Structures are given as structure tokens and as C-alpha cells.
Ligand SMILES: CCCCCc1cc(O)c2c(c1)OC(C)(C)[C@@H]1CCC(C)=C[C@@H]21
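Quick setup: one chain, the form solved without the ligand, written in C-alpha cells, and binding and motion questions come after.
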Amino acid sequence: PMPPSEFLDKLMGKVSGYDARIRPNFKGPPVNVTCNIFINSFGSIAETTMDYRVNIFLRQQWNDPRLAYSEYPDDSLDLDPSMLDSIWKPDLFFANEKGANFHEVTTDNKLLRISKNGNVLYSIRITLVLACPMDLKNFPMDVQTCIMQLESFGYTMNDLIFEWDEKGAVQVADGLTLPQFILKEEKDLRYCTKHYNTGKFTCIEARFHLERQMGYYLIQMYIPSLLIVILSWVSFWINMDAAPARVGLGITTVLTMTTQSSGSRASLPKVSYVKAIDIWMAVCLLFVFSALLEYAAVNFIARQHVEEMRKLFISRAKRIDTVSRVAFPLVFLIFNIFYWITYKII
């Protein structure tokens, strides 16, 4: 028996009329290409650019009746990746590519095998930098949905149809972890059939649900913003004689809170709307600033201190600074309920 590389030159040579520019079942039913991916690496999910980098094995399966053999004994024949220019292949591309490349280290990372009835398996390795728009309205508590979609470029719907296979259309590697996110296991699979003025082109897509890890933002930003509000509360047990101190405590804390609020969006997209980390920093900016205006209502209410009213204005100040030892640690805890319950129902 002749070896398979001299046998595939009989199937696909100038004899037997095989032509790699012509799809299987020409002037007939469309080619049913069935696809599944295997994610090796995932991550570097940037939000200034609103993209993410994935590293997949793209497997494609179709049927080519011109490649059906009956004389060679074994059930499968592998091509050299040097000879991939000699079969028909689907012109799959990604509708949100934003740059991608193959991998060509020590050999083209391409796989091709042909069964007896003409089933062709074609597996390649691609690195993609896919685009996904980020919905950052509830920013440390959001569930991002970033997609990837696989279209035909030249063949319309009456010539080539993509499908996901029903035997696990998206596999993920064994210990694939993410530093900021967790990848939920349920991955939605649906159609995205495009209509241009050239024609209608097939499309299938896969949704990936990315839920954040709140444990980072809870340490860097939610706790040090909770402490500086408590620095405003220690201004109330100091008497109304250390006016360089309680104003110096009402200023050094209200201006380091502006640093926390400006530093809370140092590596984010410049979005128009207000997000959930913003209505935490701006409300904690209000408590650190209303404790300064509390002292201006103490230093002025005792400045106006004819023998009873000048004693009445000393004890009026000693009552307005005993409500703020309760009202500010009780309004701030009502906000701690109406914030975390609000961003746990959604």
C-alpha cells in the first residue's frame, strides 16, 4: 500500500477533479460546519479599551464528499500543515476581532484529519483580543457579559451554515482562574445572523458571564473611606477650644477624601453615568464635609455669648454637639443598609 501522503495526492491532485476553491455539495444544500472551542487562557480584561484576550483551540467539522475514500485501510488520514492550502476550508472570522494572530512555533499549530466517509476535523490555535462593551453602572458588583461571535465572510446562508455541536460546545481548561473575575459555568449559546446589503451571513455566538471579585475593592477603597468618616466623628469629643485642631481635623480629612474620590477612578473608562463606587465616595464625602459645617454651627453659636442669654448660649452649644455624637453614627448606618441591600437585589 502506498503511504497516505502519496494517497492524499491522489484524492486532491490534478487528477480526480478536486478543486480547493469550490465548496462541498456545490449547487446543492449548504455546508453544515459544526464548531466548538477550547479556552486555554483567558483574561487581561481591560476596561479603558473594553477588550479581553482569549487563547482558544478552534475546532471545525464538516463533510466533504469528494474526500471519501474506500481503498486505504485505516480509518483516518492526517495532513501535514504544509498541505493545508489544498483542501476547502470555511472562511470563519470573528466579528469583534480587534486584532488576532495564529501560532507558528516549531510548526504551524494546525490539525487536520479526514475520516472514511469524508468527515473533516480541522483544529487551529488562535489568540484573540475580543471587544466587549462594559456596563459599569454598579461597578464593584456588576456581572459583565462579554461575547465572541463566529461568522462567515464570503459565503452566504444558502451556501454555508455554522452550528454549535451538542457535545459540549465550549470547553474550558482544568485550572483556568482569573485574578479579578470568576467565569460562571453556564455559557449561553445563540444565533447572531447578520444582514448586510451584500447578503445574509451565518453567525453563532457564545456568551461568557464574568462576575467580579468584590474582595479587592472592599480592601482598597470601601474600608479606607469608612475610616476617614470615623475620623470626622472623633472631632466631636474634642471641646470647642482647640479650634486649630477641630478645623484642622475638618480639613485634612475632607481633602484626603477628595484624593480617595479622585483616586477611585484612576484606571477606568470616562463614562458619563454615575456608578456604585461614585455614590459611595460622594456620600462619604458628604459626611466628612458635614462634620466641618457642624463645627461652624458650634463656633458661631457660642460666639454670640444681660446675664442669662450669655449663659444660655454656652449650654446650647453643648447640646448640638451631643446630637452629632449619635445622629452621624446613625444616619451613616442607615446609608450602609440602603447601599448594600440596593446592590444585592440587583
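Throughout, we count residues from 1 along the sequence that is shown. Only the largest set of C-alpha atoms that superpose within 1.5 Å between the two forms is called the rigid core.
From this point on, the text means the form solved in complex with the ligand, which you will not see here.
Clash check, the ligand transplanted in the deposited complex by site C-alpha superposition, 2.4 Å backbone/C-beta: Output flag = open.
Of 290, 315, 41, 299, the one that lies within 4.5 Å of the ligand in the deposited complex (heavy atoms): It is 290 that has a heavy atom within 4.5 Å of the partner.
Triple contact flag 131, 192 and 205 to the ligand in the deposited complex, non-hydrogen atom at 4.5 angstroms: Result no, not one residue of the spot touches the ligand.
Non-hydrogen atom contact residue 47 with the ligand in the deposited complex at 4.5 angstroms: The answer is no: residue 47 has no heavy atom within 4.5 Å of the ligand.
is_contact(residue 294, the ligand) in the deposited complex, heavy atom dist at most 4.5 Å: Within the cut-off, so yes.
Contact test in the deposited complex: residue 18 vs the ligand, heavy atoms, 4.5 Å: Residue 18 lies outside the contact set for the ligand.
Exercise: residue 309 in contact with the ligand in the deposited complex, heavy atom 4.5 Å: Outside the cut-off, so no.
Those residues of 309 to 345 which, in the deposited complex, come within 4.5 Å of the ligand by heavy atom: The stretch 309 to 345, when checked against the ligand in the deposited complex, contributes 320, 323, 327, 328, 331 at the 4.5 Å heavy-atom cut-off.
Shifted position (C-alpha, 2 Å or more, core held fixed) between this form and the one not shown, chosen from 223, 243, 274, 176: Spelled out, the residue whose C-alpha shifts by 2 Å or more is 243.
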